[PDB]
Structures are given as C-alpha cells and as structure tokens.
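Here is the structure we will look at, set down as structure tokens.
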Amino acid sequence: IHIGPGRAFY
Amino acid sequence: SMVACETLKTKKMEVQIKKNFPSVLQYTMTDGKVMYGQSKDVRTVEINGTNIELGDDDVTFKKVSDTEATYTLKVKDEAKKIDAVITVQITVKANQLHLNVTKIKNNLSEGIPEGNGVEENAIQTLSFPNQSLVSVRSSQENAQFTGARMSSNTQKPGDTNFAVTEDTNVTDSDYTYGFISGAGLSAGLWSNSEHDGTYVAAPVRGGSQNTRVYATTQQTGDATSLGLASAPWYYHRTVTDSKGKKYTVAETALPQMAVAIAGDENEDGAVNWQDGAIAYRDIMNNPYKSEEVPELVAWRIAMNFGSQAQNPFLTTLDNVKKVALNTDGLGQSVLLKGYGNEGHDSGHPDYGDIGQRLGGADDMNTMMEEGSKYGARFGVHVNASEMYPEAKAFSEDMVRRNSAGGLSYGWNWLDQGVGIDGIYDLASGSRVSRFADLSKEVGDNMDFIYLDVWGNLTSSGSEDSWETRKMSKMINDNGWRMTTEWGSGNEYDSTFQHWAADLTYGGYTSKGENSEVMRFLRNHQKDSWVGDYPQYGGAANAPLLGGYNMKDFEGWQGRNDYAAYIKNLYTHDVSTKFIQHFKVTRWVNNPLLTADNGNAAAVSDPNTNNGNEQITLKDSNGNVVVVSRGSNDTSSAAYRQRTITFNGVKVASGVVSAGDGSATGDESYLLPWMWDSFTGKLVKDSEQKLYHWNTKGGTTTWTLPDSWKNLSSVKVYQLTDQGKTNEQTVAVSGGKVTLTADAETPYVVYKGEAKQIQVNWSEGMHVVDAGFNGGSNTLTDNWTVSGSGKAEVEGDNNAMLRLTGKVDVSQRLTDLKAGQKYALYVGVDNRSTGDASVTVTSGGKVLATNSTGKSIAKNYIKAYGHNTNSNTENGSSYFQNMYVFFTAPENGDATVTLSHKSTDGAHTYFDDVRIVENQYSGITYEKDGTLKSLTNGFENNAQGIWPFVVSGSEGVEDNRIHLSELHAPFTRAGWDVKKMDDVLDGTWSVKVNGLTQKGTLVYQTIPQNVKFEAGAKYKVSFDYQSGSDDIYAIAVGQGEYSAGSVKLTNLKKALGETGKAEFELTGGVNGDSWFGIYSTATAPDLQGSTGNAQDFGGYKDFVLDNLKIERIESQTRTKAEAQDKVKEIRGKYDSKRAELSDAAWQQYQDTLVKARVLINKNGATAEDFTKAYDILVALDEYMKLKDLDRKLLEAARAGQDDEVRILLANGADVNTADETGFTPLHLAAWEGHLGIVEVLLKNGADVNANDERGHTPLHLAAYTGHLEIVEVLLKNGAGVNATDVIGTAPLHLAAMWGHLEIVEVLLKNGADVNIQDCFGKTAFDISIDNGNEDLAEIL
Ligand SMILES: [Mn+2]
Ligand SMILES: [Mn+2]
Ligand SMILES: [Mn+2]
Ligand SMILES: [Mn+2]
C-alpha cells in the first residue's frame, strides 16, 4: 500500500 | 314466595343469578354439564381505587324477561367522596352471557363542564373485584387455566397453561386473554377494559400492555376456586397535559364484559381453552374492517419525499394495474407514505393537506376509485406525535413542553420536528377535527389509516390503551381500518403492524405477537404476527401459519426491485393469505411451549402428526385446512418442512425460502383460490383457479380439488407484468395433474380458457401508457414511432423508452382544458452527444419545446424509480425531469413527441410523461429559440427544486433539500431558538438543512432546465439566508461536476436578514455550463447554541429564493479583436503544455478550437465575434487560477515560505489537490516544512483533507516522523482517529517505524489503541511485526 507522493510502501 | 335468585334461560343453557348482586351462581348446559360463577357472597364494587361492599338495601333487581335482568347499585363512601348509582344489565343469548354497565349516575357532580373541563368527584375507574363470572375448582376433572400476555420477543411465548390445584394462589392476575376449563366445559372472559398491566415483551406502550382479564383464587369448601373477572374500566378519566392543565374526558364506551360456555367444540375428545376460544370468537371485539384482511395479498408502500413527487397518485394507480396483471387480480393494500404536504415527514399533523404536487385530492380520489376495481385498498401515513412549524395545526397549545418549560424537540431532517401534546390534542378535540378535514377530502374512498410511532412516548409519557382506544375510535368513525407501526402496539383495534409485517426491522425482541392463544383467535383478522425469519429463531423459525413478509418497489427505504417484490408475494404472502381464509379450530404439539416457560399443561397429542405440530383450520362452508410440521426438533431438516392439505388433499409441501433472504427452499404448491378480491366471497365454478409455485423448478404431480376431478384438461398460464402468457393445455388423468414449472415463476391454472384482465394504462394522465408499462406493444397501440432509428421498451424492473438514432415517439394529448396553462415534464437520461427532445405541437405548429445534450447530473433521489443506484446503463442513472410549459389550444388538438436527432449509436432513456395544470410563466426567450430570462420564486413548482436538481453531497438519500413553506410566526426568525427564516418571498423557498462541511456540490442547474449559450453572458441573482460565513458557496462549472473544475464564491452570513447575491456567467463552448450551491469545508458558527438549538437555530442552513437569470449585453467585438485575443491566450499558455495535466491541456485545446470555429465560420457576425472573445476571457481567467494552484502545490513541496504567501495573496486556492488528491498541506506535512504548514492553516487549509488513499495530512506527518508538524496539525483540529482506505490510523504508522514521541502526543490527544485495520491489526500488532519491543511495552 502507497503512502506518499514518492515511491513509499507500508 | 320470596326467592333470592332468578333463572335466565336460552335453548343452549340456563343460568342462576343472584338478586342481591350482578353475580351468576352456575351455568347449566342442555347436556347437564355445569360451570360455576361466584359461589361466595362477594358484593364488592371498586370506584376510584376504593372497595365498597354492598348490602341488601344497596341493590334492587328486576327480571325483564327469560333472557334479561337489571340491577340498580347504590355505591356510597362519604370519606372517599363516592356517591354513585350504577345500572347493570345481565343478558343471555345461546351459550353467551353479557354483563353491561348501562348507566352511571353521579350524585356528586353535574357532569363534565364544557370544553372537557375538570369534573370534580368524577367516577374515573370502576370494577367488580373477585366477581368470578366463570370459575373452575381444583376438585374438578382437568381444572385448567390458560392465559395470554403480550410478547414481541420471538424467543419468549406470551402464553401460560397450568392445572388448577389446591396450591394455586392468584390475586388479580391480569391477562389480555384468559380461559378456564373444567368438568367438560371451557369459558373465556371478554371485557372492553382499557386497563394496562403485565406483559411478556414489548418495546413500546400504545396499547401493547392492554390486560382485560383478572384471575383470582378463593376457597370454596375444601377446593381452590380460580375465578375470572374483568380488569377495571375507565369512565370519566381526569388527565393532565404537558403545561399542567387538567381535563375530564368521557368514556370511549360504557363498561362491557361477556363469557361464552363451550363443550368439546372441535370434537377432539378433550375440553381445554381451544374449545373456549372457538366460542370466544362469538363474544370478542373484532377490529373494524378485519373481515377484509385475508384479501390483502399485496401490501406495499408508495413513497413521496421532499417536494420531489417521486410517485404521483396517478403513477401509483398504474403500479396497481401492473401488480394486478402479475398476481392475476389478487387484493392489494397501498400505504401512501408522503401523500400529504411536501411528502414523508412534511406537514405533520395536517391530515387534510393532500400533496398538491402529487395531484391533490382530485387525483388521490381517481386513484382510490379506479384502484378499487382491481381490489386495491389505499391508506395514508399520519403522525399524532411530531409536528413541523410549517403545518397550519402548529400552535403554542399543540407544543409538548418539558418540566423546565422548553420545547420537547423531535428529529431534524428537512425541518425541526417538535413533539405534540397528546393529552391536549385529544381533550381539545383538535386531532378529531384534523381527521374530519381528511374525511371531507377522501369521503368513503380510503380504506385505512397508518399511525406511525404511536407508543414510543414522544406525544406524552403515557400513550396508554385508553389513549389508543380513543385514537382508534376517531379513525374507525371515519370508516377507516386501523394499522400502526410497532409489532406489539394496539392489540385491541389494529389489523396491521409495520414492524410485524416487515420482518427485517428491529431484531427478534421487537417483532409481531408471539402468542399461540392470540394467533389461534385472530390469525384471520390481522397481519400482526411472527412470520418466517430464521435468524430470530423461536417463533420466527418456519411458523406453520406463515406470517406476512412485506417488501416494496416504490421508494420506501430506496426499495425499487419489482421482480423481488413479486417473488416475495408468492414465496410467503399467497399461502399466509390462503391460510387466513380459515379460522383455527385445533392447535396441538407446539414446540415453543414447554414446562420451563410456564406451559406445562400445553395442548399435546402423540396421535396427531407423530406428536409434531399440527394446526387445523376451518371456514363457515365446512372446508378444512390442515397445516403440519415435519419434525418438532430444530436441529432436524424436517422442522422447516410443512404440509398444507385442503379437504384432505395436499396443496403445499416443502421448506420455504428463508424469510431473511439467506437460504432458498424447495416448497411447491398448487393453492385453490376460491375467493374474489373484494369481500372474498366464493367465485363461480368457471372463475375458480389454482396458483402454482415451485421454488427450485421442475416437475410435480398433484391431485386437483374435488370440483375439478372430472375435467379432461386444465389451462395453465405463466404470470408476468403483462398478465397471463404462454397458455398450456395440460391433461387431467384420474383427477391428477402434472405441472412443469420454471424456478420461482408464478402460474395460474383454470378449468377452461381465461380472459386477459383489461387494463387501460395511465387513466387521467392525458396520455396512454405514460410510464411504458404496456410492453413492446405500447409502441404500436398507444405511441407512434417514426424515423430511421430504433424505439424500444427496455428494463426488466421499471420499464423505460430507449431511443437510438433518428427516431420520434408521438402521442395525442387528451382531456385538456382549452386556454389553461400546463407543465409537461418527462424523466430523461441522455447518453448520446445528440439532442434528446420533448415537444408539444398543435397541428404541425410547435407550442413548446425543450432539449438536452449528454446528461451531466446523476440522480440522487432514494425514493425515485431511476436514481443512480438503479443502473439505467453502465452502472448509473442520470434521469432528471425535462420541462415544457404551454397553454392548451382552443383547437383541442395537441401532441407530445419524445425524440433523438443524432445517428450516434448511444442511447436516450425516457420515462414518466407528466402533463399537469401549472401556472409557471417565468421563462422568456430571444428571437432565436435561446434564453432571454428565467425567473423563479418557487411558488409554482410542479415538482422538485427546478431549475435546480439535487446533487450528491449525501449520495443516494432522502435529501435534506426541499421547498420550505411559510406559516408565520413559527417558520420565521425569532420564534423560540429559530434565528433563520424558512421563506424569503411569498409562500415558498428552496431550503438546505444542515448540509455543512461536505466539501462538495449540494444542488445545481442542468442545461435541460436552463441552457447557457456558449460565449453568451448572463446575470444571475437571488435572495438568500445562510447560517454562518463561508459555509456555502456559489459554484459555477461546465459538464459533469468534478472537484477542481468549479469556480467558487463564498457566501457571507445572512441569518434572519435576507442577503442578495449576484454574479455574471459566460456559457462554456459545449453549452454544458451550470451554477449551483456548494457546501464548503468551513465549520459553522453555532454562536454558543447547544443540543437541538444547533439545528433549529439555522446556523448550518441555506435558504434561496427569487432566482433571476437574464442574458446580458456584452461589449461588441470585431473579428480582429477576437483573433488578437486568440494570439494573447496562445502566447500565454501554449508553452505551459508540460506544466499542466493531460486533462487540463485537452480542456484548453477544446475551448481554443471551438472559439476559433465561431471566429472563422463563413458568414459569422458581431454576436459570434463577441461570444468567441468572451469564451477566451473566461478561458484566460480559468488557466490563470490553474497555474497559481499548480505553483502553490510546488512551493509547499519544495519549501518556499515566501512563494506560498505570494501565491495565496494573489489568488491560489489553499485547498487545491493534485491528481492523487494531495493538498498543499499534505505536501508540506510530508516534506517537513513546519512554517509552510502554519502559513497554509492560517489562510484556511483543510486539516482533515483526504487524498485518494484516504490519508489525511496527519497520516503523512506520523509516517515521516515530523513531531513538530504532528503537534501543530492536532492543535488546529486534526482527526487523531482518522483512518485511510485499509482502516490504518496515524497511530499504526508511528508504531511502524518507532516514532515514540509521536505515539506519545497521539495518545495524549486521544488516539484509540483498539483501532483495527482491514487485516485486524492494532498499533500493538504492527509494532511487534517490525521488531520494535520498546513500543509494545506501553500497551
Ligand atoms: Mn376439544
Ligand atoms: Mn416506467
Ligand atoms: Mn418564493
Ligand atoms: Mn418543510
């Protein structure tokens, strides 16, 4: 699942 | 010589009666069997809770005849202010004895003073304590007591069954029904007592607790005697209203009681309550019009809400004809919820106010008169507990007040509901005069009244049986059948309970009547029982008698599935109703009754149905119905297996599909329908029919009824919305028939060829088949199709007209008043880019015309047939009403044409052609067909909030937007805590109630209502009232609404003083321009108001009136000027290609290409050059703001505190979102720019703003590890327990990394540790999975 405007997963 | 007793006698019995008191010694039947009365010298009379024992000189006696005697009782008590003379008559007929109090004389008053004033020393209550009218002894063979109390709980029976032994000890033990059996005789006691007592389960009052029988034990020699007496009666009861005003109200009826002596009435070889119950039916009260209940196969609600007119009366009549065709003419019961005022929960308590937008009293009467021909009964939803300031009945005396002297507030939705003072409403004669107002309108056409919420205590803390009886009387006096909401409510006079018939409501503890005694006696008289709903268990697990299962298809709770409605009628309702045509005679082996629930002496027989449950029912023509349970064990598959026999022949077999819609069954039936749909009399041998249903489908063999045994063949028809179809001739061999059926498909069986039910679609509607219910044939018989394209009747739910290509659909208009003004509107969903039109012509001359391009607004009306949850096409519906206004010609010749111009291939959907008398004359046109001016004061709206349409701020809802009505001073600012006016000019306005902080469109104009020409300029103005500053804004857009494509202008506060708004609009290139009302993200100023004052104050509301849209003169431009403006705009934004989004470039390119088409067309004029220039100016102003917004999102991300301030001061929107939904606040919190976060919030950035993944700026700040930003966001009012699409809170994100102090500040601010994501993980589980033992240590 994505969280930010970049390529950050969680 | 002088004897102390007399004998009253009939052909069936002799009775000894005492001369010194109205007591019976014993009843002797012709066979010699004896039943005792009162063997002891008990002469007690209770008045106003005081017992007075009478002496020999206090009673005088007179024998009138062998069947009647009269008593005069002198009841005096100086100390307790009692001095009365009571006249009592004892009558006997057949096996019945009646004891009636025929006169009550008060020697202490001159009666009730005028206006229901307080009668001092009034006889309020009266009873005969331990009168023992009928009694059983412990010394008698099978001495038993059977009682019933009210139970709405499916797990708790309302019955008690026990043996009368020496240890039996009761004193005024109160029951709704009581039966005593002993020494071969059984008897029940009937009373008209309004006493409320002991009950098993009931969630409300409203006559749920009515106990009419008192059981008492006394010693009779060495035996214990259990005697039955009436519960106390009310006579001249003194009541108090909410203001402390006292009133004396006269009796509903004089005191009455009766007994009926039975032997073995069902000839089953035993004497119990069931025998006494068969006899009891001869003496018991029968609800008014209960005789028609078996005929009401098809119950349903036709819904109207918030000025929308979703179901006008003449549309309801069409739906009645559709259901008649599909049921082969079975009886119907239609509840009109929203018949009055603006619809449902509007205009209460104005019963006489029939909704003018539905067609008023004239169309309501046509529907009722014409519908009666099809066996349809009509009734209206009324409220006697809550009122609205708009209602003419609203007054200071009508208002329910609390101890403090404030309003007793109800619910706020469209308007603020206020509790009615129920005691004042009754005692002043107010309610009875409002019902009289309705009676004057409907005459003898209406069948029932539906009383909502009575018993929930919103009118007063009482709403007892005495109150319910007076209520039921004023309704029944007007020729109306009584129906009510709650399952337990009004046991005495109700024939229907909404929470009984609709099994989905309120759970197992708040259903219909769970009593074997009550359902034995009255199953055939009411729809007030427990039906199938396995989920609830107990009584709801496959009742043998079934029970009504109510569904709807006309908007009630957004219900619109017609196929599901019909399927349901056949699954449960046809057999329930078939069973109700017979009266219960025997009921053995009930598995719900056990020794543990006080039913040790319950009726058992191991020689009947293997000791499993069986019910025997009989009619007056000696027809026997036997209903059997397969097994009495719930863990056995056979518990749900039921066999129904009609005269010893199997007519039904199997398991029904679960009433809760959870599991399909296997039940099949071939039910004989012998009755007409009127008074349910037997039809002729020719008209006799059978209904066939097979749940799973397949082939079944049946024995036909006795009258059918010698036929050689039968005629079988499949039932559809078109009537009888696919006729089959089926052979009869040995009185047996084999039937092949499709799964869940209705069939009707006749002896010979059956005629089609005659239906003339849309009677009184000036057009034939206005709703397209006539099938494919309607386009040949009623409507005329012309053109190269296709016209089709589409939709397997609510049928619509579907057009493709160049096609016209026409029909002549009938019964129009010459010279009279009419509105013609039609539902339209256009998916084609080509114009969909509606035209009214008179001999090839256009009277009025209107058209629409591609539809841009989805329908959000829950109660409407074509809302966006119904799927007109591609999972959506854009249905909206398109109007034409015309004057009917003197000529008498008028035609309606619905048409499509394109050859697009895309569809246009049309439905519900409505021609109605209407005085709206606010539209003026230019020389060319275009708009000059549109004015609207909303005084003449045929329907809805036209020229506006409801938007999706609440999704598909019973939208809190409607036309508000004037009723001064109650609707005006200043009355109570009300700070806003409901109406600004005239009688009507457009009111928005509490739709604040939605961050979306509330309502909008659409091009089919008001067309703005491309490049043309318009002045829009209106009068308004807004609760707070910037809570609502004027929205201006083009095409379908999308967040971030609308021009917004915040409206200032105008609370109690009318504001004036005016702006200019330039029509977009595609002609799809519109304006509307938008709910901003701004919080309302409640001005320190608390509780209901927050909603009634008007701080959260918006009122609009006196709308004026006028085409304005713009500064004339030359081709040169327009060409230079093209160059100017191109010079600015041609380069900016990469900067703006791909959707923004195509919007810029489109507008630029279309403006150049206007400029460079051969023979273009000054108007074309002015339009092209104005389009470019509006394009420039749009692109300028779009650039500023893009620059603001880049300055908030890069960390430029200066640029952010500059851009905000110039014009850039603080709440601008990128493609993925990130606001500048999101970007500032993520990147870590504390100053920028503070700057944006100071300006007014949304702190609870969500991106596409549901992440708020707090989620982004918690994940990254920005303590500073986390704290400043929470300070501003950020949601601490805000969850994204996976249900992840900021607490989970902080636990994921190990941001200890972020977890601390979150927990300090109120972060819930119990919050679970979609995968059931807490913040605790997420910390242990990442290897952070230090975080898990806390909790
Ligand atoms: Mn019997
Ligand atoms: Mn239709
Ligand atoms: Mn007005
Ligand atoms: Mn209203």
Side-chain angles (χ1 to χ4, degrees), chain B residues 309-322 325 357-360 362-363 366-367 370-371 721 758-787 791-795 798-803 807-818 820-829 836-851 865-866 879 881-889 891-900 908-918 942-943:
Chain B
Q310 297 95 334
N311 291 282
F313 303 125
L314 295 180
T315 285
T316 304
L317 179 55
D318 260 353
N319 292 336
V320 153
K321 294 177 185 177
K322 190 184 176 184
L325 285 169
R357 290 185 235 286
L358 306 191
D362 288 338
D363 284 6
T366 303
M367 171 198 64
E370 296 313 305
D721 60 11
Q758 293 317 300
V759 169
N760 297 123
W761 295 112
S762 312
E763 283 191 298
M765 303 193 73
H766 315 284
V767 96
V768 185
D769 205 22
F772 303 96
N773 292 301
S776 295
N777 279 329
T778 205
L779 303 174
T780 73
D781 305 322
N782 312 305
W783 295 89
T784 33
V785 183
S786 69
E792 295 163 57
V793 176
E794 212 256 320
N798 185 332
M800 303 157 264
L801 176 72
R802 191 187 78 186
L803 308 183
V807 60
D808 310 275
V809 182
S810 308
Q811 214 192 125
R812 173 162 300 289
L813 299 176
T814 63
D815 316 292
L816 300 176
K817 299 169 177 180
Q820 159 80 57
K821 289 170 79 60
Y822 284 92
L824 189 160
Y825 67 92
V826 62
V828 59
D829 188 339
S837 316
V838 62
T839 312
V840 173
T841 66
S842 180
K845 255 82 172 285
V846 181
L847 296 190
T849 189
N850 197 356
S851 79
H866 305 292
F879 260 91
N881 302 143
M882 179 162 68
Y883 285 75
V884 294
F885 301 93
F886 67 102
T887 301
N891 177 17
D893 164 67
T895 296
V896 58
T897 313
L898 306 158
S899 49
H900 188 201
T908 299
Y909 299 87
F910 281 108
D911 207 12
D912 302 297
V913 179
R914 196 170 181 223
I915 310 98
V916 71
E917 275 166 70
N918 189 266
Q943 162 285 319

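Atoms considered below: every heavy atom in the structure, side chains included; atoms not considered: hydrogens, waters and symmetry mates. Residue numbering restarts at 1 for every chain, and letters A, B, ... go by the order of the sequence lines.
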B:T366 and B:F313: CA distance, side-chain angles, deciding distance, side-chain contact (heavy atoms from CB on, under 4.5 Å) verdict: CA-CA 8 Å; B:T366 303; B:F313 303 125; over 6 Å; no

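- Two residues are said to be in side-chain contact when any heavy atoms from C-beta on lie closer than 4.5 Å; B:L358 and B:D363 fail this criterion.
- When every heavy atom of B:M367 is checked against every heavy atom of B:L317, the shortest pair comes out as O-CD1, 3.7 Å.
- B:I915 CD1 to B:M765 CE: the interatomic distance, rounded to the nearest 0.5 Å, is 7.0 Å.
- Summarising the geometry of B:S810 relative to B:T895, their closest heavy-atom pair is CB-CG2, 4.1 Å, with the distance given to 0.1 Å.
- To the nearest 0.5 Å, atoms CG (B:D721) and NZ (B:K322) are separated by 5.5 Å.
- Partner B:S762 forms a side-chain hydrogen bond (donor to acceptor under 3.5 Å, both in side chains) with one of B:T315, B:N782, B:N773, B:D318 and no other, that one being B:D318.
- Rounded to the nearest 0.5 angstrom, B:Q943 CD and B:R357 CZ are separated by 9.0 Å.
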side-chain contact (heavy atoms from CB on, under 4.5 Å) between B:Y822 and B:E917, worked out: CA-CA 4 Å; B:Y822 284 92; B:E917 275 166 70; 3.4 Å; yes

B:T839/B:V884 under side-chain contact (heavy atoms from CB on, under 4.5 Å): CA gap, chis, key distance, verdict: CA-CA 7 Å; B:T839 312; B:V884 294; over 6 Å; no

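- With B:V809 as the partner, the side chain to side chain contact (heavy atoms under 4.5 Å, CB included) test is satisfied by one option alone out of B:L803, B:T897, B:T784: B:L803.
- Counting only distance, with no hydrogens or angles, the side chain of B:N881 and the backbone of B:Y825 share no donor-acceptor pair below 3.5 Å.
- For the residue pair B:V767 and B:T814, the shortest heavy atom distance occurs at N-OG1, 4.3 Å.
- If you take CE on B:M800 and CG on B:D912, they are separated by 10.5 Å, rounding to the nearest 0.5 Å.
- The line from CG of B:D829 to CE of B:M882 is 11.5 Å long, rounded to the nearest 0.5 Å.
- Here the closest non-hydrogen pair linking B:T887 and B:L847 is O-CD1, 3.9 Å.
- Between B:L801 and the options B:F772, B:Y909, B:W783, a side chain to side chain contact (heavy atoms under 4.5 Å, CB included) holds for only B:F772.
- At most 12 non-hydrogen atoms from other residues, nucleotides or ligands lie less than 6.0 angstrom from CG of B:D362.
- When all heavy atoms of B:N850 and B:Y883 are compared, the pair lying nearest together is ND2-O, 2.8 Å.
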Candidate pair B:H866 and B:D911, rule side-chain hydrogen bond (donor to acceptor under 3.5 Å, both in side chains), full reasoning: CA-CA 9 Å; B:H866 305 292; B:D911 207 12; 2.7 Å; yes

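- Closest of all the heavy-atom pairs between B:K321 and B:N760 is NZ-O, 2.9 Å.
- Separation of atoms CG (B:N319) and CG (B:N311) is listed at 7.0 Å; rounding is to 0.5 Å.
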